[PDB]
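Using ideal geometry, Cβ is built from the backbone for each residue, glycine included, and neighbour counts are taken over all protein chains shown. Each reported figure results from applying straightforward, stated rules to the coordinates on display, with no laboratory input.
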Amino acid sequence: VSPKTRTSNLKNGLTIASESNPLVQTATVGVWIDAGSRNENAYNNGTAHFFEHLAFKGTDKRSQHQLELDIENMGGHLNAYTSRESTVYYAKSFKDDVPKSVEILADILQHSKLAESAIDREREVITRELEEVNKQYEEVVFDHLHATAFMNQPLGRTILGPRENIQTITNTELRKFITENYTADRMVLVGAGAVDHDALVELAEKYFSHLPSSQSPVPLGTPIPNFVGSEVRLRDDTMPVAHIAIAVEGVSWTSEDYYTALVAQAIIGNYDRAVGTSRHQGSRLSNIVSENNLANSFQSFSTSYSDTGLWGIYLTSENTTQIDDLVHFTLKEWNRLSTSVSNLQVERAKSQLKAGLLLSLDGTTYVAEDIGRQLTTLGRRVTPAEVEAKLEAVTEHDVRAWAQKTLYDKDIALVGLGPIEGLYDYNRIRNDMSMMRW
Amino acid sequence: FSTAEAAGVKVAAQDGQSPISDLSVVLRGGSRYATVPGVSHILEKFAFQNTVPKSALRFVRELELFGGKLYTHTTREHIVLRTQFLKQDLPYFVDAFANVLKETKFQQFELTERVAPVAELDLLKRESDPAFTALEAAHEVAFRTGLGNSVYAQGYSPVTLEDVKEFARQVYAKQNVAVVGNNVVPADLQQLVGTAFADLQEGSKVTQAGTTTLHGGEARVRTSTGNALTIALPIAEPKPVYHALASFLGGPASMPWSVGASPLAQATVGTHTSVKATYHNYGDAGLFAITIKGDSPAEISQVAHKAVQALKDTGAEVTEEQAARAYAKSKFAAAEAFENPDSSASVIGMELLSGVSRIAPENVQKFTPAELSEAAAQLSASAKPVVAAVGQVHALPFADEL
Amino acid sequence: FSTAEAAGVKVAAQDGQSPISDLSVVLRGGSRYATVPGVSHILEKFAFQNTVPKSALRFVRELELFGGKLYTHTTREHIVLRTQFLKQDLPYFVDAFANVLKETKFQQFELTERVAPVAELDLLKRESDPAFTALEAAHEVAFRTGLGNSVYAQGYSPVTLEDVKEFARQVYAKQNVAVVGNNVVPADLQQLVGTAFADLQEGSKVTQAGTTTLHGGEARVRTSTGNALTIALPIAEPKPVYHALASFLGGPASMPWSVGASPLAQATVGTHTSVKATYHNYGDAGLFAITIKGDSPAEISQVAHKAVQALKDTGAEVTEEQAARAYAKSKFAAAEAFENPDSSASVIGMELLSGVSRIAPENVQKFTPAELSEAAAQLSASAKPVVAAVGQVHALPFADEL
Amino acid sequence: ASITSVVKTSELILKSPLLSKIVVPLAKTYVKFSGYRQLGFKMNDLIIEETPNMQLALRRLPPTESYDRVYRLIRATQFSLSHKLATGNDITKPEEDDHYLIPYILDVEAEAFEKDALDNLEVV
Amino acid sequence: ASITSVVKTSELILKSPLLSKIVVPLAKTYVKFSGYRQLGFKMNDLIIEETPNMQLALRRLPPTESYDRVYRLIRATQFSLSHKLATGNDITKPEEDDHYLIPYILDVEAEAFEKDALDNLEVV
């Protein structure tokens, strides 16, 4: 039984949430923000990512060089990432270096220079990032997947933004973005590891007390997405490996089917030929794929957002004449979530998940990420007892009922990259979303 | 970690407040003890294959019912087999390790179809990073055998089933086995290990064939898949100051989208190259390495010159600020290593299998600017510099140029 | 061979009494002058491809009607293109060489489909012998660039059509071309070269980018395809005594089913290994090598120790008999080299292009036992020994062991 | 007919002033009414490719020319199935209608025809 | 039937003293009249091989056993087409009739059957 997550508020509405571990000597403190690329419009798309670069480019006090030195002297490191719905800025340090790290984070968030000279310098760095993501095939695939599934909607935009915006982002629009979005009621200060909650609340009162509150404070993790069944083909015959993602509209964080979708995802599961145990996994798809050498890997996913999600699978394969078989067998395993699954598969997946959801949290950064994600999506940290109860409530009837309304005979979004000549057209893929025998 | 003994086996455990336990068997069976090249990698990959009580298939299916996970790796010193599971499932995992050490059926088909192909993919994935290759090449030049043996199984020298079975006969013995339990009640683990590992052979301590000898030289691994360069300096007397020096010289940034304030980090400005100084203590010898990877051989060459200069400059004078920055970066590195389960297990494993007491992160020594500059001076004035170049080797520096 | 000049091109010919003539164009374009690794090999393989007057196809079909043959090779110093034909067909062959030097269409499809695949098979055939690989590796360690460039094109460094076309623009010029005619009437050849090569560019002498620098070291080439070891010693002042020393130390047997009476041959007794000492003069530097191949790495190691001892023993004392044996074996080696058309062409080619007057086999100097022992003494006590091991490299010797 | 034949006959016509004066204007109208440019094709994209000689010529195209040809074929196929014509920049302008393939096929055929001749040589 | 089945039932018989006393002599006569030894076969050479399990067992044979099996099949095929029987050393003697393949197929089948069982497990 893990220690209790303590939670306090300030007057402005900043949440402080902490989970102490007296067995470790490091601590991860940081700020989780319920804001991301989705908060931009089409004209300033890319701003949130642009800001993340400038946050480390110097503040009103410390210059770029002083900032570097201050963190070097702390001994740990700082890290940040911007997603579609969430921004994180954290600092991993030693136990007694926590007041330094909180102070630096408070500085870079509230008091950043955003000097025209630095805007102009990063404008090239970010322009170069546009031509080098091209190599990270999984990210290429998932960014096209969002672009097509949520065609012309805010979730469909990339985080980097178009080349055109990168050239026209001003310090004005950067400042406007962080003034509108980085408000106290949307922020959580999180500490995990060797942190005292009461110490962290004092540091919050010292550094984050003059944060703006929004005019209309909605609860944390408050949002209409209209999924488009569609496909993007990025054929490249010179690549040896095909990367394919197939997804349907999935579930939001607060859906009543959130756990049912996780159990269904666990019934299909993951596979990787390079891992020794993967040839012996219980999943039917795993057995088909491994016995027939259909793929190097596959990974089931169930991504959630505040008001929608994508549920599906990501496949990689060198077997370019049997891509059809790989896709066929994958979608026939999905069909069986509607037609055939019983207590046998459901209870096995629940067993595997009850541990999996706890196992994931194995370091201070993972714990901090879990507290931060849960607080900014659900408004609370859900105790393992509650999670165990929600998983236990999933029956085989729930899985079949969910699959029949979410997967069965539904439109898919499909992205293929690489040697995908063998991937059939949209209709033949989408026809595998049902079984004529049922 | 309360160190004890259960039926001749050294057991160290630390209770915690988490639902998740990590149990690791650390074996004195890393590559420095490898009878034939690659055997310690193969033996690692042969863990949790078919045993007499339980098939590999049955083990994996039951592990999924517990939602446990399995992690294995080989170092120059150890083979580490780790399981991660829920606290309550401890007895199952203890018995599983017992079956592996006592009753593994080393079958030829498992070697040909399961173990060797997985070993080969493991290595190919590691080599995708040219910096990995460069640092491996550097150890091979510096030590030749023992520490200079390859960690991984390679194609040019095949490991046979008789090789692996012989090595396992030596390694899988009470004298070469340590059990390390994170978030495991220490009294409960001692009771279980004491019943499960009672019939394990006693065996003898595995030893390195021959003494560690240091050599200088050059390795020129011509690849087409990226460029890297290691500058290593073999150390005959491993001293803890080299940790402080590695962290001082640094190389990686402590901040996104930054270069860093470390001397080696500042050596990369204007280049798309990265750099990392590392120190490897192996008890009886050590290796201080500076690895530079990049897409341009011209830029790598440029950074390599600045890197050697940085080390010479350090040998001249360190400031008090810089010495304190080294203490801070080094204490932090020690702390995170004792937290990470992979490295944690091997640290206590070394304490249990040898007798080298762990240096707790809170007890990491502060080195004065005098002590740091002295350490850097010895390295700049080494009689046996090693340089391993990987990639377009015709365009990378040579030892005599540096 | 009567040296003359015909329209700015150096022509050497020697009339004889045989129906078969050998015409060879020797180009100053070997690998030491290469701009890009492998271009001199590629340019050699691009000879007699499509020219503007005559396609490769038409050339081969017509060559078969004359029953002529075509031989090409690349050295570190030259590209040699030789034709062998009936005496009377001389004008056709002169004109064919003129078309190649003036009018070769270097087409991308020829490079991809014809030239590069043939270059690759050429290299694979040579490398089947591990001794070839070992001696190539040794030059690479000893000289790094220039003489240390690879002779042959390799996959890792792709030669482009622009590379080859640029190099050909330099090499195919009056200043880098010598014509050598064996059993060709010298007056007739001068007349024909003077009309056919008149419109060839004058160009400039191709030069080695940078001076020849000597280095010591080790190369360790892992193959699964047999074992060899070269022990080379770079020579800063090439002297003719090293020929005598190479022939003295010997290595190959001078009669069937025997071992031989040479010090290196006697080092192989009880082993299935062979040995050969060689000396390579390159004008401004040289290389003295001893190559040992065999199927057993243990036996190679054994012979390598005896080989180094033999050289040290030579530095001590050689008898009068042994010095005379060295004169005899060396005169013979010189004579047969001047006879073989392959080596003959390059010998006069070096006299014509470079200016190094040939040493006639009858004028090969007799070295006293004093002079031989002094030469061997200077080699055993070299500051820069090179060792290239090929095969099971973990089991072959290192430089510091020798 | 071989490309070689077509090219040689065309060159005979272009040489003769009279002939060119009457043939070139006709050929330009023919090409306008042909209408392949309205599907974004270049003339050489239409040449039959299912022959050994043409497959060899296509393999010798530089990679960029080859990738662009693939795109024009796919784009024209999509206009064909949709019953639409190109508009704007998809229409091939006369200055873009370059004979990118003709030099490759003429070289392939030159060798093929020389081989046929030389297979029939008679030592005199 | 599976080799597993055959082997298990045979072991039940060999255990029972009564049963073995009456079955073993019959089985030895059966084998003598069967006459596969007169074509130089070993019993295991006759087992049906066109099955995934059997193809996998055959791939796991040591190279020597595999090369010898190939020769016995070729030799038996030549006796069959010639209508001759083995003589001399080509006749399989009872001590040479070893079950070289049985251990491989029993291991392949053990895994195959365990996989089937475990595909039907029910968490309790």
Legend entry - Calculated FRET value between B:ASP188 and B:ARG222, using beta carbons and R₀ = 51 Å, to 0.05: 0.40
Inset, instruction - Kindly write out, for the range C:172-185 in residue order, the coupling ³J(HN,Hα) from the Karplus curve 6.51 cos²θ - 1.76 cosθ + 1.60 (θ = phi - 60°), rounded to whole Hz, with x marking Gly and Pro. - result: 7, 8, 3, 7, 10, 10, 10, 10, 10, x, 8, 6, 10, 5
Inset, instruction - Quote the convex hull volume per residue of chain B, based on C-alpha atoms, as a whole number of Å³. - result: 144 Å³
Inset, instruction - Would you kindly derive the ³J(HN,Hα) couplings of the range A:167-182 from the backbone phi angles with the Karplus curve 6.51 cos²θ - 1.76 cosθ + 1.60 (θ = phi - 60°), listing them in order in whole Hz, with x for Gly and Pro? - result: 7, 10, 6, 9, 4, 5, 6, 4, 5, 5, 5, 6, 8, 6, 10, 8
Inset, instruction - Any chance you could check the Cα centroid distance between the range B:325-392 and the range A:258-319 for me, in angstrom? - result: 40 Å
Inset, instruction - Give the distance, in whole Å, between the Cα centre of the range A:48-90 and the Cα centre of the range A:1-39. - result: 18 Å
Inset, instruction - Take the eigenvalues of the Cα gyration tensor for the protein assembly as shown, scale each by 5, and report the square roots as semi-axes in whole Å, largest first. - result: 60, 45, 42
Legend entry - Which of C:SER157, C:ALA134, C:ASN182, positive extreme of dipole for the range C:121-195 (C-beta unit charges): C:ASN182
Inset, instruction - Kindly put D:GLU114, E:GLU50 in sequence by how many other C-beta atoms sit within 10 Å of each C-beta, fewest to most. - result: E:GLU50, D:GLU114
Inset, instruction - For the protein assembly as shown, build the charge dipole from Cβ charges (+1 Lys, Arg; -1 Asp, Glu) around the Cα centre, then report which of C:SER254, B:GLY355, A:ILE104 sits farthest towards its positive end. - result: C:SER254
Legend entry - Distance-filtered residues of the range C:303-320 - backbone nitrogen under 12 Å, label point 7 angstrom along C:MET255 Cα→Cβ: none
Inset, instruction - Excluding A:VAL1 itself, calculate the net charge of residues whose Cβ lies under 15 Å from the Cβ of A:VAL1, where each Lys or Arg counts +1 and each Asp or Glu counts -1. - result: 0
Legend entry - Other-chain or far-sequence residues with amide H under 5 Å of A:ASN9's (modelled H): A:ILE16
Inset, instruction - With springs connecting C-alpha atoms under 10 Å apart, model chain C as a Gaussian network and identify which of C:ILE300, C:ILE20, C:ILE292 has the largest mean-square fluctuation. - result: C:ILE20
Legend entry - Rounded to the nearest 20 debye, dipole of chain A from Cβ charges on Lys, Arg, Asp, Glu: 620 debye
Inset, instruction - Sort all Cα-Cα distances of the range A:153-240 into consecutive 10 angstrom bins from zero, then give the percent of pairs in each bin up to the one containing the longest distance. - result: 11, 24, 29, 21, 11, 4
Legend entry - For the range C:303-388, the Rg and Dmax computed from alpha carbons only, in angstrom: 15.9, 42
Legend entry - the range B:2-197: relative contact order in percent, alpha carbon pairs under 8 Å with at least 6 residues between: 45 percent
Inset, instruction - Give me the distance between the Cα centres of the range B:1-39 and the range A:364-438, rounded to whole Å. - result: 38 Å
Inset, instruction - Taking the Cβ of E:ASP68 as the centre, find all other residues whose Cβ is under 14 Å away and add up their charges (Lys, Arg: +1; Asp, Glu: -1). - result: -2
Legend entry - Cα-based Rg and Dmax for the range B:217-401, where Dmax is the largest Cα-Cα distance (Å): 16.6, 47
Legend entry - For the range C:62-68, 3J(HN,Hα) per residue [Karplus equation, 6.51 cos²θ - 1.76 cosθ + 1.60, θ = phi - 60°, Hz, x = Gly/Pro]: 7, 4, 5, 6, 8, x, x
Legend entry - Selection from C:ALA119, C:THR271, C:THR51 lying farthest towards where the dipole of chain C points positive, charges on Cβ: C:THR51
Legend entry - At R0 = 41 Å, FRET efficiency that the Cβ-Cβ distance of C:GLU202 and A:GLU164 yields, to 0.05: 0.15
Inset, instruction - For a footprinting-style exposure proxy, rank E:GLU96, B:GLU103 by other Cβ within 10 Å, fewest first. - result: E:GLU96, B:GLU103
Inset, instruction - Please give, to one decimal in nm, the separation of the simple spin-label points placed at A:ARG233 and A:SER63, each 7 Å out from Cα toward the Cβ. - result: 5.6 nm
Inset, instruction - Could you list the residues of the range A:355-370 with an amide nitrogen less than 19 Å from a label point located 7 Å from the Cα of A:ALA389 in the Cα-to-C-beta direction? - result: A:355, A:357-358
Legend entry - Sorted by Cβ density within 10 Å, fewest first, the residues A:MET433, A:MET239: A:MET239, A:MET433
Legend entry - Virtual spin-label span in nm between D:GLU96 and B:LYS239, 7 Å along Cα→Cβ: 7.2 nm
Inset, instruction - Would you mind giving the average projected area, over all directions, of the Cα convex hull of the range A:59-206 in nm² with one decimal? - result: 10.7 nm²
Inset, instruction - Evaluate 2.2 N^0.38 Å with N set to the residue count of the range C:2-197, then give the Cα radius of gyration divided by it. - result: 1.04
Inset, instruction - Kindly identify chain E as rounded, prolate or oblate by the Cα gyration tensor criterion: order the square roots of the eigenvalues as a ≥ b ≥ c, call it rounded if a/c is under 1.5, otherwise compare a/b with b/c, prolate if a/b is larger, else oblate. - result: oblate
Inset, instruction - Set the Förster radius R0 to 56 Å, insert the Cβ-Cβ distance between D:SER16 and C:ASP129 as r into 1/(1 + (r/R0)^6), and round the FRET efficiency to 0.05. - result: 0.30
Inset, instruction - Would you mind computing the Rg to Rh ratio of the range A:323-419 from its alpha-carbon coordinates, Kirkwood style for Rh? - result: 1.06
Inset, instruction - Please get the size of the charge dipole for chain B, origin at its Cα centre, with Cβ charges of +1 on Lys and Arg and -1 on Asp and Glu, quoted in debye to the nearest 20. - result: 300 debye
Legend entry - Magnitude of the charge dipole, the range B:2-197, Cβ model with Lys/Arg +1 and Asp/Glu -1, debye to 20: 240 debye
Inset, instruction - At 7 Å along the Cα-to-beta-carbon direction for both A:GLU139 and C:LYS165, put a label point, then send me their distance in nm to one decimal. - result: 3.9 nm
Inset, instruction - Please report, in whole Å, how far the alpha carbons of the range B:157-264 spread along each principal axis, starting with the longest. - result: 54, 40, 33
Legend entry - Reference-scaled alpha-carbon Rg (2.2 N^0.38 Å with N residues) for chain A: 1.04
Legend entry - chain C: relative contact order as a whole-number percent, Cα under 8 Å and 6+ apart: 22 percent
Legend entry - Taking chain D and dividing mean pair separation by its residue count, relative contact order in percent (alpha carbons under 8 Å, at least six apart): 36 percent
